Structures are given as C-alpha cells and as structure tokens.
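Heads up: the structure comes next, in structure tokens.
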Amino acid sequence: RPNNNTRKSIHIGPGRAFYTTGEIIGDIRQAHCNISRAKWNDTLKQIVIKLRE
Amino acid sequence: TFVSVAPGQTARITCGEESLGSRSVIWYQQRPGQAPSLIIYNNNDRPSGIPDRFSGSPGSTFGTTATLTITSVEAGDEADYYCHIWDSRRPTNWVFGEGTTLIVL
Amino acid sequence: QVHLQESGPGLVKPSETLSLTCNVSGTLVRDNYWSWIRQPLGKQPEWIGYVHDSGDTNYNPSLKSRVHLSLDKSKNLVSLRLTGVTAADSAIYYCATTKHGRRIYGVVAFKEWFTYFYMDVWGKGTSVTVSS
Ligand SMILES: *[C@@H]1O[C@H](CO)[C@@H](O[C@@H]2O[C@H](CO)[C@@H](O[C@@H]3O[C@H](CO[C@H]4O[C@H](CO)[C@@H](O)[C@H](O[C@H]5O[C@H](CO)[C@@H](O)[C@H](O)[C@@H]5O)[C@@H]4O)[C@@H](O)[C@H](O[C@H]4O[C@H](CO)[C@@H](O)[C@H](O)[C@@H]4O)[C@@H]3O)[C@H](O)[C@H]2NC(C)=O)[C@H](O)[C@H]1NC(C)=O
Ligand SMILES: *[C@@H]1O[C@H](CO)[C@@H](O[C@@H]2O[C@H](CO)[C@@H](O)[C@H](O)[C@H]2NC(C)=O)[C@H](O)[C@H]1NC(C)=O
Ligand SMILES: *[C@@H]1O[C@H](CO)[C@@H](O)[C@H](O)[C@H]1NC(C)=O
Ligand SMILES: *[C@@H]1O[C@H](CO)[C@@H](O)[C@H](O)[C@H]1NC(C)=O
C-alpha cells in the first residue's frame, strides 16, 4: 500500500483519542496486487480438467 | 539571492521551494544580453556538448530543495540561473523560478 | 543545424492583434513540437504553450481566450496571434524548439505518470513594444 502515511492524533474527550492520517509524505499512488502470469491461467486449466468430470 | 565565490572553487545554488513530491528540475544559464540554454534535465542528465563539471542534486530526499553544484567555477560562468519545477503533487508551473546571481571574484 | 529567426512589427498599438513569424530552417515543422516564450524585462521568462499539427496542443489558462497558434506547412514557419494586448505585454518573444519527455514513477498503467517538456534549440528573439 504505497503512500507513506504519517501519524496524527486528534483529541476527542476524557482519556481518549482518534488516530487518523494527517498528510501523505512523498508521491501519492494506489493499492494494487500482482498475480504472475503463466501461473494463474495455467492453474485455471487445472481447475477445468477436474471440472470436466 | 547573491552568491560570492573565488575562481576555481565549488559553488552551490539553491532554487525553488521545499520538495513535496517527485521532482524533475530543469536548469538554465542566461548570459547578460543573451538567451538561456539547456543545462540540466532529469536533475542530473545533460545533452552532448558540455562537460561533467555541472552537477545537480537528485529529487529523491523529500523535504529538501533542488540544488545546483558547480565545481571549479571560472570567470565565464558568471550568468543568471533560473530553475524550473515539475512536481507530481504541485500543478505544472507556467512561470520560471526566482533567479540566483553568482559573483566570481 | 536548426536555425530560427523571428520577425514582427516592433511597435504595436493597444487593443490590436499582434502577429509573429518564426522562420524555420534545417528541419520540418511537422515532426517537432513548437512553443513560444514571452520574457519581461528584468523578470523571469513566461511560458505560453506548445502546439503541434496532430492536435496535442494546450494553452495557458490565464491567456487561453486571447491566443491563437497556427502552422504554415507550405512556407515552413510558425505564427502566433494575440488579441487585446495591454501594457503588461511589453516583453520579448521567443520561438524555440520543444521535445517531450516521459517520467514513469509507479505503475505504467492506472494513469499515474506525468509528461514534461523542455526546450532544446532557441531563437535569437525579437523585441515587441506596446505603446499608444
Ligand atoms: C507488480 O507490483 C510492483 C509493486 O509491488 C510494481 O512495481 C513497479 O514497477 C514499475 C516499473 O513498471 C516501477 O517504476 C520504476 O520506477 C523507478 C523509480 O526510480 C526513481 O525513484 C527512485 C526512488 O525514489 C530513485 O532512487 C531513482 O533515482 C535514479 O534516477 C535518478 C534520475 O531520475 C538519478 O538521479 C539517481 O541517481 C538514480 O539513478 C529514480 O528517480 C524508475 O527508475 C524506473 O524507470 C525505468 O524506466 C526507465 C525508462 O525506460 C529506465 O531508464 C529505467 O532504468 C527503469 O528501467 C521505473 O519507472 C515502480 O517503481 C514499481 N513500484 C514499486 C512499489 O516497486 C509492478 O509494476 C507490478 N507489475 C509487475 C509486472 O512487476
Ligand atoms: C487540508 O486542509 C487544511 C485546511 O484546514 C490545509 O491547510 C492546513 O491547515 C492546518 C490547520 O490550520 C495547518 O496546520 C496546516 O499548516 C495547513 N497546511 C498548509 C500547507 O499550510 C491543508 O494544507 C490541506 N491539506 C493537507 C494535506 O493537510
Ligand atoms: C517514509 O517517510 C519517512 C518520514 O516520515 C521517511 O523516514 C521514510 O524513509 C519514508 N519511506 C519511504 C519508503 O518513502
Ligand atoms: C498462459 O499464460 C502464459 C504467459 O504468457 C502464455 O504463454 C500461455 O500461452 C497462456 N496459456 C493459455 C492457455 O492462455
């Protein structure tokens, strides 16, 4: 999750706090996840062979 | 601002605001009565025709300022320098940065 | 080598249409990006915008409604038009080349990257004075 979020605290009331992100340090981006090819489409073939029964 | 340095020494020029996002700083050198020319692109890359005496700080350490460092400054290097800012978090600058005048003694 | 020369009227009355002519030699105007830079006396240069024949052209939002750019393929020259000129426009025009660069810091997809432009070859420049 590339953002390098900072750590800011906001006071609510008696002996309590509400912790949020204050600012984004660096370059903003999005959350993403790799899945390598020749490992999922080959494995999808493994499911359909047993699903061909 | 004003910079005074002896000939043959190393001088540093600071231009622009503090770093907020990724930087691609463009530098120019303008002699009096002339026009500026290509000096630095991509903060350390130069086209063919100029030596390696011109060096620039990379845009990696966030919270700093882009800096121009010149080694062994000679008498003909006395010219106006202007910095251009490209940032991923700041809008595209349509006006160049404030100039810095260096003095060679 | 690419050599550029600019011509103009020099003295322009207020509220008139100012036109420039940028002679291009040694290269074709279709294969390169072109931009115009206006530099006030004693001040930093000001960028107007970059133009190309393919339509990838953007302008300064401050001067979007007053500037017009055109290309002459037959005569190999670049012209600019500006209407409603004021006393604050008393500066020096420049006709310079423009090359595009790609900065890729992140995933190549998802439209995170931003492109940049730099000026390679500059013209000699011409002086334009606006007065009544
Ligand atoms: C899988 O998921 C991963 C993440 O989990 C994805 O990974 C991303 O991949 C892309 C490639 O498509 C990566 O983009 C690259 O980014 C680097 C960044 O380098 C810059 O930043 C550094 C840190 O800030 C900095 O140190 C570098 O400084 C160098 O350069 C400056 C000049 O700019 C110089 O002064 C310094 O001295 C250093 O030398 C630099 O600024 C970038 O460099 C890469 O450029 C590539 O392309 C150019 C042009 O072709 C080429 O010349 C380069 O050599 C290089 O090949 C590239 O843009 C991205 O960073 C990754 N993100 C993460 C979080 O890792 C991935 O996309 C997903 N899919 C796959 C299939 O893996
Ligand atoms: C988010 O909005 C605030 C407005 O409340 C922006 O301005 C900041 O305001 C706080 C509270 O007064 C100051 O402490 C900060 O110094 C202000 N920021 C700056 C840059 O001056 C703020 O900039 C906005 N953006 C972020 C990322 O916080
Ligand atoms: C994240 O930011 C902190 C400063 O808040 C810095 O010390 C650290 O190096 C940064 N890490 C990355 C990966 O950018
Ligand atoms: C699966 O993906 C790999 C990776 O490119 C490819 O070479 C192969 O042809 C693919 N097979 C099928 C059945 O799509």
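Every chain in the structure tokens has a letter given in the order shown (A, B, ...), and although residue numbers restart at 1 in each chain, ligands are simply numbered from 1 in the order shown.
If one restricts the calculation to only C-alpha atoms and all ligand atoms, the set of residues situated within 12 Å of ligand 4 consists of residues 35, 36, 37, 38, 39, 40, 41, 42, 43, 44, 45, 46 and 48 of chain A.
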Using only C-alpha atoms and all ligand atoms, what are the residues with an atom within 7 Å of ligand 2, set out as a PyMOL selection string? chain A and resi 22-24
With only C-alpha atoms and all ligand atoms counted, collect every polymer residue having an atom within 12 Å of ligand 3; state the result as a PyMOL selection string. (chain A and resi 1-8+21-28) or (chain B and resi 20-22+60-63)
Taking the chain letters and numbering used in this document, name the residues of chain A that DSSP puts in strand (DSSP E or B), as a list in words. residues 5, 8, 9, 10, 11, 17, 18, 19, 20 and 24 of chain A
May I ask you to write as a ChimeraX atom specification all residues lying at most 12 Å from ligand 1, with only C-alpha atoms and all ligand atoms counted? /A:1-4,26-37 /B:21-25,40-46,55-62,66 /C:101-110,112-114
For the selection you just gave me, I'd like the residues written to a file as a CSV table (one decimal), in the first residue's frame, keeping N, CA and C atoms.
```
chain,number,residue,atom,x,y,z
A,1,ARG,N,0.9,-1.2,0.0
A,1,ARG,CA,0.0,0.0,0.0
A,1,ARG,C,0.9,1.2,0.0
A,2,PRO,N,1.4,1.6,-1.2
A,2,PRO,CA,2.4,2.7,-1.2
A,2,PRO,C,1.8,4.1,-1.0
A,3,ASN,N,1.9,4.6,0.2
A,3,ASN,CA,1.6,6.0,0.4
A,3,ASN,C,2.5,6.7,1.4
A,4,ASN,N,3.1,6.0,2.3
A,4,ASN,CA,3.9,6.5,3.4
A,4,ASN,C,3.1,7.5,4.2
A,26,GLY,N,5.5,12.3,0.3
A,26,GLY,CA,6.0,11.7,-0.9
A,26,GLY,C,5.1,11.8,-2.1
A,27,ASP,N,5.0,10.7,-2.8
A,27,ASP,CA,4.2,10.6,-4.0
A,27,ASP,C,3.0,9.7,-3.7
A,28,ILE,N,1.8,10.2,-4.1
A,28,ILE,CA,0.6,9.5,-3.9
A,28,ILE,C,0.4,8.4,-5.0
A,29,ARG,N,-0.2,7.3,-4.6
A,29,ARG,CA,-0.4,6.2,-5.5
A,29,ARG,C,-1.6,5.5,-5.2
A,30,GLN,N,-1.8,4.3,-5.7
A,30,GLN,CA,-3.0,3.4,-5.4
A,30,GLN,C,-2.5,2.1,-4.9
A,31,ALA,N,-3.5,1.3,-4.3
A,31,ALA,CA,-3.2,0.0,-3.8
A,31,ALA,C,-3.5,-1.0,-4.9
A,32,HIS,N,-2.5,-2.0,-5.1
A,32,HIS,CA,-2.6,-3.0,-6.1
A,32,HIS,C,-1.9,-4.2,-5.7
A,33,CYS,N,-2.2,-5.3,-6.4
A,33,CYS,CA,-1.5,-6.6,-6.1
A,33,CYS,C,-1.2,-7.4,-7.3
A,34,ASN,N,0.0,-7.8,-7.5
A,34,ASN,CA,0.5,-8.6,-8.6
A,34,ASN,C,-0.1,-10.0,-8.5
A,35,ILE,N,-0.4,-10.6,-9.7
A,35,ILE,CA,-0.5,-12.0,-9.8
A,35,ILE,C,0.2,-12.4,-11.1
A,36,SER,N,1.2,-13.3,-11.0
A,36,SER,CA,2.1,-13.6,-12.1
A,36,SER,C,1.4,-14.4,-13.1
A,37,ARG,N,1.6,-14.1,-14.4
A,37,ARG,CA,1.1,-14.9,-15.5
A,37,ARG,C,1.9,-16.2,-15.7
B,21,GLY,N,6.7,16.5,-3.7
B,21,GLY,CA,6.6,15.2,-4.4
B,21,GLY,C,7.8,14.9,-5.2
B,22,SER,N,7.7,14.0,-6.2
B,22,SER,CA,8.8,13.8,-7.1
B,22,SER,C,9.1,15.0,-7.9
B,23,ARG,N,10.4,15.2,-8.1
B,23,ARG,CA,10.9,16.4,-8.8
B,23,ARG,C,11.6,16.0,-10.1
B,24,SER,N,11.4,16.8,-11.2
B,24,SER,CA,12.1,16.8,-12.4
B,24,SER,C,12.5,18.2,-12.7
B,25,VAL,N,13.6,18.7,-12.2
B,25,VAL,CA,14.0,20.1,-12.1
B,25,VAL,C,14.8,20.4,-13.4
B,40,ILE,N,20.5,21.4,-17.5
B,40,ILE,CA,20.3,20.2,-16.7
B,40,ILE,C,18.8,19.7,-17.0
B,41,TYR,N,18.6,18.5,-17.3
B,41,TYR,CA,17.3,17.9,-17.3
B,41,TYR,C,17.4,16.6,-16.5
B,42,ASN,N,16.2,16.2,-15.9
B,42,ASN,CA,16.1,14.9,-15.1
B,42,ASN,C,17.1,15.0,-13.9
B,43,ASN,N,17.5,16.2,-13.5
B,43,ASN,CA,18.2,16.6,-12.3
B,43,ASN,C,19.7,16.2,-12.3
B,44,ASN,N,20.1,15.3,-13.2
B,44,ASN,CA,21.5,15.0,-13.4
B,44,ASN,C,21.9,14.7,-14.8
B,45,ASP,N,21.0,14.8,-15.8
B,45,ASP,CA,21.4,14.4,-17.2
B,45,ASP,C,21.6,15.7,-18.0
B,46,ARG,N,22.5,15.6,-19.0
B,46,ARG,CA,22.9,16.7,-19.8
B,46,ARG,C,23.0,16.2,-21.2
B,55,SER,N,26.8,19.6,-11.9
B,55,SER,CA,26.1,18.6,-11.1
B,55,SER,C,24.9,19.1,-10.4
B,56,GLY,N,23.9,18.3,-10.3
B,56,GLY,CA,22.7,18.7,-9.6
B,56,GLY,C,22.2,17.6,-8.6
B,57,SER,N,21.6,18.1,-7.6
B,57,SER,CA,21.1,17.1,-6.5
B,57,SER,C,19.9,16.4,-7.1
B,58,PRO,N,19.8,15.0,-6.8
B,58,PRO,CA,18.7,14.3,-7.2
B,58,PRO,C,17.4,14.6,-6.5
B,59,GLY,N,16.3,14.4,-7.1
B,59,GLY,CA,15.0,14.6,-6.5
B,59,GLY,C,14.4,13.4,-5.8
B,60,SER,N,15.2,12.9,-4.8
B,60,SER,CA,14.8,11.7,-4.0
B,60,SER,C,14.5,12.0,-2.6
B,61,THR,N,15.4,12.7,-1.9
B,61,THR,CA,15.2,13.0,-0.5
B,61,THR,C,14.1,14.1,-0.3
B,62,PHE,N,12.9,13.7,0.1
B,62,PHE,CA,11.8,14.6,0.3
B,62,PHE,C,12.0,15.5,1.5
B,66,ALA,N,16.0,21.5,-4.4
B,66,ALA,CA,16.9,21.2,-5.5
B,66,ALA,C,18.1,22.2,-5.5
C,101,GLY,N,9.3,14.6,-22.9
C,101,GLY,CA,9.9,13.5,-22.0
C,101,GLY,C,8.9,12.9,-21.2
C,102,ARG,N,9.2,11.6,-20.9
C,102,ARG,CA,8.3,10.7,-20.1
C,102,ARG,C,8.9,10.4,-18.7
C,103,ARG,N,8.1,10.7,-17.7
C,103,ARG,CA,8.6,10.4,-16.3
C,103,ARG,C,7.6,9.3,-15.8
C,104,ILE,N,8.2,8.1,-15.5
C,104,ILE,CA,7.5,7.0,-15.1
C,104,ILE,C,7.9,6.6,-13.7
C,105,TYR,N,7.2,7.0,-12.7
C,105,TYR,CA,7.4,6.7,-11.3
C,105,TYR,C,6.2,6.0,-10.7
C,106,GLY,N,6.1,4.7,-10.9
C,106,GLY,CA,4.9,4.0,-10.5
C,106,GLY,C,4.6,3.0,-11.5
C,107,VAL,N,3.3,2.5,-11.4
C,107,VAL,CA,2.8,1.5,-12.4
C,107,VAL,C,2.6,2.2,-13.7
C,108,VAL,N,3.0,1.6,-14.8
C,108,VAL,CA,2.9,2.2,-16.2
C,108,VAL,C,1.4,2.4,-16.5
C,109,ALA,N,0.5,1.5,-16.0
C,109,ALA,CA,-0.9,1.7,-16.2
C,109,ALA,C,-1.5,2.6,-15.1
C,110,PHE,N,-2.8,2.7,-15.0
C,110,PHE,CA,-3.5,3.4,-14.0
C,110,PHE,C,-3.4,4.9,-14.1
C,112,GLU,N,-0.9,7.2,-13.7
C,112,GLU,CA,-0.2,7.9,-12.7
C,112,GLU,C,0.9,8.8,-13.2
C,113,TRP,N,1.5,8.4,-14.3
C,113,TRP,CA,2.7,9.1,-14.9
C,113,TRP,C,2.3,10.5,-15.4
C,114,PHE,N,3.2,11.4,-15.4
C,114,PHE,CA,3.1,12.8,-16.0
C,114,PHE,C,4.2,13.0,-16.9
```
Do a neighbour search on residue 14 of chain B at 12 Å with only C-alpha atoms, toss out local chain neighbours closer than 6 positions, and write the hits as a PyMOL selection string. chain B and resi 1-3+25+27+56-57+64-70+81-83+97-102
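Take atom CA of residue 52 of chain B and atom CA of residue 73 of chain B: the distance between them is 12.5 Å.
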Find the spatial neighbours of segment 26-30 of chain C, counting only C-alpha atoms, within a cut-off of 8 Å - ignore same-chain residues fewer than 3 positions away - and output them as an MDAnalysis selection string. chainID C and resid 1:3 33:34 52:53 71 73 76:78
